[PDB]
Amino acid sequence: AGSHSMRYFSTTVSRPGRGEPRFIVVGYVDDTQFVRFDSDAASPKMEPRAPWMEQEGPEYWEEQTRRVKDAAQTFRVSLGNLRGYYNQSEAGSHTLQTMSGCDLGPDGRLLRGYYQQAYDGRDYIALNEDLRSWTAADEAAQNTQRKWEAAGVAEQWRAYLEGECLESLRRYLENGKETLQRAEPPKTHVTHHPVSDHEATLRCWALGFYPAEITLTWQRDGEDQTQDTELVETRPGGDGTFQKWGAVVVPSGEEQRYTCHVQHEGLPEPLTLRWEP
């Protein structure tokens, strides 16, 4: 694809009286997971979660493990700091989430770099697109913004996001190319289920596609019935592919006035489908 992304998603959850916060981090290239770390594992280390990662040598894994353990210590400190900023009890569990990573554009340059955090599921602080400034979501986060502005944190992220982040992403794209660079088109079909003598559910299916981005819309007389359509969230197959469907309930005699339109990267041309009894 012309553009690609790499993301790390970390979750840190405190558990008062039950030891140190649990720390999980997962890495994705596009919609494909490639690594994990779980602080509650027997011997916690960064681990491959895609077969093409297995070729990285042991020093790669040691360095990634060092980095995630360092991050975990800082996030446990942050949890403490934020508990203070929000004047919260030591009795309750809280959650710190971070997202970081880079988008590679077709010119080979950084399309967008990210570093942002959420506290208890709400925006806390985010690196801005210029990678030189911060957005704080509230007054408490301004405490953090001031400290990070003084410590030159943004520049450190800028250097990573424009340098090693992209260098790593390029390497993963090469090592994993047979699967990461393959757009798998959806297998599609329409099913039909009477709900009465007079009406039926038309369900348009898209199966086995990669990446996850897809559009699935039911048409009648050439416009979209977004309001009369049950459209489920795109969901994983569990085999690295994704699935989705959209359904309408229609009068039996109007069934052939309905078409499902499907667009996806792996399709040469958009599909227009119908109930074909």
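Heads up: residue numbers just count along the shown sequence, starting at 1.
Averaged over their C-alpha atoms, the temperature factors of 57 to 65 and 244 to 252 are higher for 244 to 252.
Mean CA temperature factor is higher for 256 to 264 when stretches 256 to 264 and 18 to 26 are set side by side in the entry. Comparing the listed residues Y172, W148, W157, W205, the entry records the largest Cα B-factor for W148. Sorting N143, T95, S100, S168 by the CA temperature factor given in the entry leaves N143 at the top. Looking at the C-alpha B-factors along this chain, the one for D31 belongs to the lowest third. Among the modelled residues of the chain, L82 sits in the middle third by CA temperature factor in this PDB entry. Sorting the modelled residues of the chain by their CA temperature factor places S5 in the lowest third. When the modelled residues of the chain are ordered by their C-alpha B factor, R122 lands in the highest third. Per-chain ranking of the deposited C-alpha B factor places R182 in the middle third.
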